[PDB]
Asks: 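Just passing along the structure, written as structure tokens.
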Amino acid sequence: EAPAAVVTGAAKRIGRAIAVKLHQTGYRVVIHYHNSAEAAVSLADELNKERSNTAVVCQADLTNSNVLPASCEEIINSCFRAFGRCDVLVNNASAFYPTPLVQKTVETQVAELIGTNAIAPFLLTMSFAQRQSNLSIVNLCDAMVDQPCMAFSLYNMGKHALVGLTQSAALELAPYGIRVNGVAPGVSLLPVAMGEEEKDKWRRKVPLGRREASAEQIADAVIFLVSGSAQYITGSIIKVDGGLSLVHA
Amino acid sequence: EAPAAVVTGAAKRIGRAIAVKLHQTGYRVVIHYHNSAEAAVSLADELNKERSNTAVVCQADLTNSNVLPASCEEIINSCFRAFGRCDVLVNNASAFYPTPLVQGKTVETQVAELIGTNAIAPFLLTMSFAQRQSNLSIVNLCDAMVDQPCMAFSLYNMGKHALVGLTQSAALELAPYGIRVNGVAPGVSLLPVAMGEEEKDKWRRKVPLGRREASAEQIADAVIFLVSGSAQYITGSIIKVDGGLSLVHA
Amino acid sequence: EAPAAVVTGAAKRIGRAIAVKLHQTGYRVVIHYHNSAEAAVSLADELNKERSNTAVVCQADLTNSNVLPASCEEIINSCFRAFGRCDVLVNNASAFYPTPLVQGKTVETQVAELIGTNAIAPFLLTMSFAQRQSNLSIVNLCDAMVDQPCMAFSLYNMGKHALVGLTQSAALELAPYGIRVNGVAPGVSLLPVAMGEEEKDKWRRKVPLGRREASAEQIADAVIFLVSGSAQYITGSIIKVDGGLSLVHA
Amino acid sequence: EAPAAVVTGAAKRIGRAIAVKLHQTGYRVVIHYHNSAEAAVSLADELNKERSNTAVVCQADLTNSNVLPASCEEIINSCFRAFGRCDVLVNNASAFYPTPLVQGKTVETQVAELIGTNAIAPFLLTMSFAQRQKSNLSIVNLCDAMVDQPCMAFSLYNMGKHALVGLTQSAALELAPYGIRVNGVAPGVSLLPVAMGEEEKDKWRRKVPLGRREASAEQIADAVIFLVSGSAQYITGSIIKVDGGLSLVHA
Ligand SMILES: NC(=O)c1ccc[n+]([C@@H]2O[C@H](COP(=O)([O-])OP(=O)(O)OC[C@H]3O[C@@H](n4cnc5c(N)ncnc54)[C@H](OP(=O)(O)O)[C@@H]3O)[C@@H](O)[C@H]2O)c1
Ligand SMILES: NC(=O)c1ccc[n+]([C@@H]2O[C@H](COP(=O)([O-])OP(=O)(O)OC[C@H]3O[C@@H](n4cnc5c(N)ncnc54)[C@H](OP(=O)(O)O)[C@@H]3O)[C@@H](O)[C@H]2O)c1
Ligand SMILES: NC(=O)c1ccc[n+]([C@@H]2O[C@H](COP(=O)([O-])OP(=O)(O)OC[C@H]3O[C@@H](n4cnc5c(N)ncnc54)[C@H](OP(=O)(O)O)[C@@H]3O)[C@@H](O)[C@H]2O)c1
Ligand SMILES: NC(=O)c1ccc[n+]([C@@H]2O[C@H](COP(=O)([O-])OP(=O)(O)OC[C@H]3O[C@@H](n4cnc5c(N)ncnc54)[C@H](OP(=O)(O)O)[C@@H]3O)[C@@H](O)[C@H]2O)c1
Ligand SMILES: *CC(=O)N[C@H](CC#C)C(=O)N1CCC(COc2cccc3nc(N)nc(N)c23)CC1
Ligand SMILES: *CC(=O)N[C@H](CC#C)C(=O)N1CCC(COc2cccc3nc(N)nc(N)c23)CC1
Ligand SMILES: *CC(=O)N[C@H](CC#C)C(=O)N1CCC(COc2cccc3nc(N)nc(N)c23)CC1
Ligand SMILES: *CC(=O)N[C@H](CC#C)C(=O)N1CCC(COc2cccc3nc(N)nc(N)c23)CC1
């Protein structure tokens with residue numbers, strides 16, 4: 001019987017590449033999305049064309065709210081409903097934008113940035129564990145958490161909280177044989193809205209090849225961590241950053 | 001004219017020792033409290049008896065909510081109203097209790113209290129402190145054991161990790177304004193009032209330096225250092241005051 | 001056509017498992033050894049029986065001395081002599097024993113062996129590897145417990161900390177040459193042959209994930225990942241393979 | 001009776017400021033030096049003019065060698081011989097220069113100097129310090145805030161500073177039962193090299209978030225004073241960055 005995986009924010013970019021590579025490795029996949037319905041379904045169609053009834057989609061807002069716990073339980077439930085099991089959770093979905101300390105409401109920014117990057121991963125982790133082989137969770141972290149971008153304090157707080165969850169959950173779920181690890185990109189796929197001149201500025205800072213990581217290169221580290229080659233690995237965060245985090249000002 | 005400081009959760013325990021030591025150093029203090037009204041007022045009375053018009057209390061819930069930004073703004077405003085200035089912010093108030101991943105507060109409430117008090121309220125207080133602006137600084141009460149967490153304390157731990165992030169992010173962003181942002185990270189300090197002596201001794205005996213918990217005063221000493229002129233080039237730093245506990249393997 | 005790898009201290013235990021797994025992946029291997037001549041030759045025989053002309057041995061003391069640079073150059077040279085190329089360096093060889101700060105090897109010798117094997121020899125091998133230059137990479141065997149050190153192992157610990165520094169420094173400096181530099185950091189893996197069973201069990205039961213030590217093969221798996229095309233964007237990274245041990249408080 | 005401190009490399013720059021501030025705090029001081037005899041003696045004369053019989057000098061090469069253990073024992077011994085006690089050790093002396101991985105000191109000499117001064121000599125001094133105790137005893141190691149964002153081609157220097165972090169932590173743990181605390185102070189940009197042109201100095205200064213300037217030697221010394229004080233009696237194994245936020249700045 002084929003294992004099954006949930007990937008949050010899987011319709012595009014890094015999450016899409018993760019879903020594709022898990023599917024290629026033999027997983028059935030839940031493609032979670034928020035706004036990207038068309039791209040989510042398009043991906044599921046591609047995967048189901050390769051192997052029938054191996055991909056489903058699942059819609060949810062992961063902003064923090066009174067309903068978030070129910071939404072996260074339903075994401076996990078969607079995997080059990082479609083595939084009868086849930087072996088892997090990848091927490092990939094993430095809101096990302098500046099929140100300057102000195103001059104959406106700030107309460108909404110808190111809900112979106114801390115909800116997507118930290119609280120929803122926590123609630124999904126709870127629901128994943130409650131419903132339980134090579135079981136594991138992979139959190140998409142950020143190699144630059146300790147050298148943060150100016151005016152991104154709430155985003156950064158969210159990613160730091162995710163490191164804490166990764167470590168806390170590794171410890172607490174180890175007795176259940178659930179491993180919990182992270183993958184920490186530096187510069188990967190740049191924002192669609194960023195101008196080419198700015199993209200090049202960031203690319204040229206990367207020591208290894210002066211370019212961003214492809215989505216597939218991020219996905220490769222995820223595949224490693226969920227594999228039998230990582231069966232003793234828990235609580236670990238692998239940087240996939242081409243040396244960027246080691247570069248001084 | 002005397003500088004002024006806000007200390008959150010200052011009615012008791014470590015926050016009280018911090019407020020007392022800042023007061024002894026010449027600061028006027030806002031004693032923030034949530035439920036500990038009697039202890040807060042009693043402390044302000046003691047400090048004002050020592051020097052008139054040098055302490056006020058300020059009540060606020062720092063649970064996450066849509067009104068938390070306004071509450072945090074009002075804490076800072078309370079310092080300006082009492083003293084005409086706000087030089088130092090100490091983020092000390094903190095909810096602390098287990099939230100097991102596997103099995104009667106709702107999880108919505110646990111998130112709001114643990115992430116609100118330990119991370120979001122510090123962020124909003126930091127915003128308000130900075131907006132309203134000399135030796136200006138913020139000191140966050142962190143946790144030396146954030147990377148060796150207590151079993152079943154994931155939300156608390158997430159909160160303290162987020163506070164590290166804030167410490168670093170805010171140091172960077174507020175450096176141009178001359179505001180320093182640092183942390184003090186206890187290991188074992190004052191044990192919970194409800195904990196039995198047998199358990200207290202179990203944790204005390206794990207500490208390499210002296211096999212005892214830190215006094216509240218020892219924590220406060222590190223805060224006093226970081227707000228002083230002796231730390232004027234220090235920002236983004238988190239000083240462990242843990243007697244070596246974080247270095248001890250399983 | 002086949003790439004080639006040097007593995008230091010490869011005659012036994014973790015280094016042997018690394019050499020075997022690299023060989024199984026298609027590498028030709030130099031089996032470096034110091035005292036374990038019989039085991040090194042036996043391993044080369046086993047690998048060459050599987051595929052002819054794919055393994056040689058190379059003897060060297062990696063204690064620090066004025067001749068260590070020449071010895072390390074000769075290890076790399078041995079790879080070029082046997083295989084015409086050198087694609088991968090695994091710095092595995094390591095002296096490990098206590099050096100109490102407060103009280104028949106001299107301290108001069110303890111320094112030379114512990115700092116030589118764990119740090120200086122890796123540095124010199126890295127220099128020689130780089131000078132003599134595709135998927136080129138170095139993997140250093142680090143230690144997940146470097147910040148929760150064993151009592152009385154200060155020189156060993158200093159050595160492993162230095163190796164972290166080298167991993168990061170060399171990643172940065174060799175990135176323009178397309179050489180990646182990464183580490184694998186065990187917690188409890190293969191226990192010392194000389195350790196009593198009662199002590200072995202004490203350490204095993206501290207590991208959160210499965211209450212057992214890592215097999216040599218599990219360590220090797222992380223090395224195989226880091227040298228593979230699946231890690232082509234990874235440099236300066238140290239992967240813990242410790243079953244959660246480093247996260248456990250005292 | 002006044003406590004006593006050893007400060008290595010104390011004739012100039014940061015070590016000098018540390019020795020001065022310890023002296024001002026009431027310590028008697030051993031001023032260790034290697035080549036800077038005239039500056040060491042000049043400092044001792046200034047301190048003894050302030051308070052008689054409160055400063056001596058002690059000469060030693062801290063390069064790694066067969067004699068280094070004996071040299072480090074003798075440094076500690078010189079404190080006991082002058083002052084009858086040794087309360088504080090500050091490991092400050094440090095060689096600093098590039099050692100590129102890819103291309104007239106030999107590399108074995110570079111190893112001996114960079115690893116000796118930054119790591120091995122601190123270890124041996126720590127051993128000797130602890131052996132002679134066998135009251136507020138503490139060691140402060142001068143570390144480096146930028147150890148995880150290293151300067152290109154400074155691999156041996158960086159290895160040395162990483163080793164010193166290890167020592168700080170290992171020694172804190174092992175000496176805690178004796179009541180000896182072990183901590184570090186980690187500068188970012190402090191006193192720039194004497195040779196450096198103002199244009200290059202300003203390049204590095206302008207990277208510092210807090211004030212766009214290097215730390216004074218006195219600012220570094222202030223952190224040392226804190227760590228040896230009664231205000232840090234529960235602090236051990238801690239490394240305080242004094243870097244104006246530099247270590248938090250991305251590329
Ligand atoms: N790209 C980089 O360079 C980089 C660098 C460091 C770390 N990372 C991390 O790597 C991961 C993937 O990065 P990425 O660039 O591929 O991400 P992204 O494109 O910014 O976000 C991925 C998806 O997150 C979903 N998401 C956002 N807000 C949401 C909400 N309120 N509720 C539910 N889902 C929500 C969106 O799904 P819909 O489109 O369906 O609305 C979006 O497509 C993230 O965790 C990121 O922080 C990336
Ligand atoms: N004690 C230790 O061993 C230790 C260890 C590591 C870190 N620390 C950190 O050091 C700091 C002080 O520790 P502590 O033991 O003195 O703290 P504490 O006694 O547990 O709590 C401090 C105060 O926080 C306030 N607080 C709690 N929930 C609040 C809410 N919803 N809104 C507003 N205020 C709220 C309470 O004020 P009221 O009483 O007024 O309701 C309480 O007296 C904390 O940040 C803690 O995490 C302490
Ligand atoms: N085992 C664990 O639990 C563990 C934990 C943390 C980290 N690690 C790291 O993982 C690596 C492998 O561990 P291990 O237990 O397999 O190692 P080990 O058995 O303790 O040592 C590996 C080899 O190092 C060689 N070596 C020692 N002194 C040498 C010298 N002066 N010159 C040259 N080679 C020398 C020896 O080779 P000969 O036999 O040929 O004399 C020895 O066989 C090491 O770097 C270790 O620090 C292991
Ligand atoms: N300056 C900075 O920006 C900076 C930045 C980060 C960290 N730090 C650390 O802070 C400390 C002080 O820095 P600094 O710039 O003041 O130091 P420095 O001037 O480069 O060196 C201080 C002293 O070290 C001594 N020393 C060098 N090689 C020696 C050897 N072989 N044996 C014995 N002593 C030797 C020299 O003594 P003699 O003059 O008597 O020969 C020298 O005056 C160092 O540990 C340094 O790594 C400094
Ligand atoms: C200030 C800045 O952009 N660059 C620094 C590092 C340097 C040099 C930095 O903080 N970085 C971290 C974030 C990276 C970009 O990221 C993302 C890019 C695009 C989408 C995206 N989505 C989500 N959800 N999260 C993130 N982090 C990103 C660039 C380097
Ligand atoms: C499971 C556990 O306690 N583990 C270690 C104990 C040891 C040794 C640990 O992880 N520690 C972290 C938490 C410390 C205790 O704390 C507090 C104690 C009392 C009140 C309190 N209030 C608040 N707000 N926060 C905290 N952290 C604490 C003990 C060491
Ligand atoms: C004091 C102690 O061992 N404490 C923990 C043990 C636990 C839990 C610890 O610090 N660990 C580090 C040392 C590990 C053992 O290691 C080795 C074991 C066998 C051989 C060996 N060779 C070499 N070269 N290096 C090392 N590190 C080891 C156990 C976990
Ligand atoms: C390449 C580089 O310098 N990069 C940054 C500078 C910036 C921003 C860096 O890595 N830093 C570390 C080294 C600092 C300079 O230092 C010294 C300067 C002068 C003397 C000296 N002596 C000794 N013994 N050690 C050191 N480290 C220094 C600059 C910041």
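These numbers come from the heavy atoms of this one structure, side chains and all, not from hydrogens, waters or symmetry mates. First the proteins, then the strands, lettered A, B, ... as listed; each starts at 1. Both ligands and their constituent atoms are indexed starting at 1 by order of listing.
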Asks: Which one of C:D143, C:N118, C:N140 satisfies the side chain to side chain donor-acceptor pair (under 3.5 Å) criterion with C:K160?
Replies: C:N118
Asks: Does the distance from a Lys or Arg side-chain N to an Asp or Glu carboxylate O, for A:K104 and A:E112, drop under 4.0 Å?
Replies: yes
Asks: List, for ligand 6, each N/O atom that has a protein N/O partner under 3.5 Å away, with both atom names and the distance.
Replies:
| unit_1 | atom_1 | unit_2 | atom_2 | d |
| --- | --- | --- | --- | --- |
| ligand 6 | 4 (N) | C:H249 | NE2 | 3.4 |
| ligand 6 | 24 (N) | B:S94 | O | 3.2 |
| ligand 6 | 24 (N) | B:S94 | OG | 2.8 |
| ligand 6 | 27 (N) | B:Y156 | OH | 2.8 |

Asks: Where do C:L247 and B:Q148 land on the side chain to side chain contact (heavy atoms under 4.5 Å, CB included) test, with the steps shown first?
Replies: CA-CA 5 Å; C:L247 301 176; B:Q148 288 126 282; 5.7 Å; no
Asks: Could you pull out all residues at least two apart from B:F96 that satisfy ring-ring contact (aromatic ring centres under 6.0 Å, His included)?
Replies: B:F153, B:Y156
Asks: Between the main-chain N or O of A:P191 and the side-chain N or O of A:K199, is there a donor-acceptor pair closer than 3.5 Å?
Replies: yes
Asks: Between ligand 1 and the protein, which N/O pairs fall short of 3.5 Å?
Replies:
| unit_1 | atom_1 | unit_2 | atom_2 | d |
| --- | --- | --- | --- | --- |
| ligand 1 | 1 (N) | A:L189 | O | 2.9 |
| ligand 1 | 3 (O) | A:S188 | N | 2.8 |
| ligand 1 | 15 (O) | A:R13 | NH2 | 2.7 |
| ligand 1 | 16 (O) | A:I14 | N | 3.2 |
| ligand 1 | 19 (O) | A:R13 | NE | 2.8 |
| ligand 1 | 24 (O) | A:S94 | N | 3.3 |
| ligand 1 | 31 (N) | A:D61 | OD1 | 3.1 |
| ligand 1 | 31 (N) | A:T63 | OG1 | 3.3 |
| ligand 1 | 32 (N) | A:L62 | N | 2.9 |
| ligand 1 | 39 (O) | A:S36 | OG | 2.6 |
| ligand 1 | 40 (O) | A:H34 | N | 2.8 |
| ligand 1 | 40 (O) | A:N35 | N | 3.3 |
| ligand 1 | 40 (O) | A:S36 | N | 3.1 |
| ligand 1 | 41 (O) | A:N35 | N | 2.9 |
| ligand 1 | 45 (O) | A:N92 | O | 2.8 |
| ligand 1 | 45 (O) | A:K159 | NZ | 2.9 |
| ligand 1 | 47 (O) | A:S94 | OG | 3.3 |
| ligand 1 | 47 (O) | A:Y155 | OH | 3.4 |
| ligand 1 | 47 (O) | A:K159 | NZ | 3.0 |

Asks: Using a cut-off of 6.0 Å, state whether more than 12 heavy atoms not belonging to A:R211 lie near its atom CZ.
Replies: no
Asks: Of all residues at least two apart in sequence or in a different chain, which pass the side chain to side chain donor-acceptor pair (under 3.5 Å) check with C:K12?
Replies: C:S36
Asks: The test is side chain to side chain contact (heavy atoms under 4.5 Å, CB included); show your working for C:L245 and C:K206 and say whether it passes.
Replies: CA-CA 7 Å; C:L245 182 64; C:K206 287 183 186 297; 4.0 Å; yes
Asks: How close do C:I219 and C:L141 get, heavy atom to heavy atom, and via which atoms?
Replies: CG2-CD1, 3.9 Å
